[PDB]
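Below you'll find only one chain, the form deposited in one PDB entry, shown as structure tokens.
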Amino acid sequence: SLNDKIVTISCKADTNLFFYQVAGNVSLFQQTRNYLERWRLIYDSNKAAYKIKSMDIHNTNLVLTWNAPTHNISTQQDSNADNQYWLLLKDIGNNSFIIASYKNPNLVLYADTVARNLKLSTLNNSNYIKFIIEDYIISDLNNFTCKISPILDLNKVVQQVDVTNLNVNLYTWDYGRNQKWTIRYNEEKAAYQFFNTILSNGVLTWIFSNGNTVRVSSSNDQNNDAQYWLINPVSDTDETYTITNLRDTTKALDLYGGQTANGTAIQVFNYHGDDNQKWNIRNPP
């Protein structure tokens, strides 16, 4: 079910530390939103266990390896060995994983947060053996404060007009908080919300009851589909996406007519995949 997913792996005992890899050395390190902390899970169904392969661009063949019999964990060349297979055991209710060696299932990964590396331990109730395995896109975008620029004009961005005017348009980047969005992933609903930083609970929303108009409204109401969006990566890119609405996934976020003029409208429109429906989600400089 998780086969071929590219994920980040972070520590329950410290959710700011992620499995990090360089030149064969595995460590625990802050969030990088890049390949150094991205891993592909490769399922072997006979063993009912996973290889955990680094997405390193320079060496493409490294997998998480237990240097049995030592306490040490590293990455080595994939030789399909027992010490490079792992059981992914999800602790239900707790929403975390225990990661046990296929070579010796009595031993599981242990996060030594003080040494910033991985060790092994027999099973126990500590958080230091618990891990958060997350689709890498969700990992990078969740709680990320960003600016949203159309592919057609990068020096401009999607903005709320001001703290009282809740409409949303295109305007040149000026570092204003009305031009920045904090992305929250809703696990219950498998979709994202965009919180404008000029407000406390103002989310990008598709005002269905008025055609294609999108504004920001309060996130207070318990159930909605217009308030939520799906973010999908355009392949061959590292920061471009399309943004489709949860209510109706055929409706994508659209820059009115492809016009890159200040004040141009932003509204949901039928998905065509053209350049006026592609958005760079970026770190604010």
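All residue numbers refer to positions in the sequence shown, first residue = 1. Note that the rigid core is defined as the largest set of C-alphas that superpose within 1.5 Å between two forms.
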property: Mean Cα B-factor comparison, 64-72 or 213-221, giving the higher one as deposited; result: 213-221
property: Mean C-alpha temperature factor, higher of 178-186 and 78-86; result: 178-186
property: Which of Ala111, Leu152, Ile99, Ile132 ranks first by CA B-factor in the deposited coordinates; result: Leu152
property: Of the residues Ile9, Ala261, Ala13, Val22, the one carrying the largest Cα B-factor as recorded; result: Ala261
property: Chain-wide C-alpha B factor ranking for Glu37, given as lowest, middle or highest third; result: lowest
property: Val157 CA temperature factor, ranked by third within the chain; result: middle
property: Third assignment of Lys47 from its chain's C-alpha B-factors; result: middle
property: Cα B factor band for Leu166 (lowest, middle or highest third within the chain); result: highest
property: Cα B factor band for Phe195 (lowest, middle or highest third within the chain); result: middle
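The protein also exists as the form deposited in another entry; that form is not presented, and the subsequent description refers to it.
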{"property": "C-alpha of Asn95 off by 2 Å or more between this form and the one not shown on rigid core", "result": "yes"}
{"property": "Rigid core superposed: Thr242 CA moves 2 Å or more between this form and the one not shown", "result": "no"}
{"property": "Large Cα move at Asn61 between this form and the one not shown, threshold 2 Å, rigid core", "result": "no"}
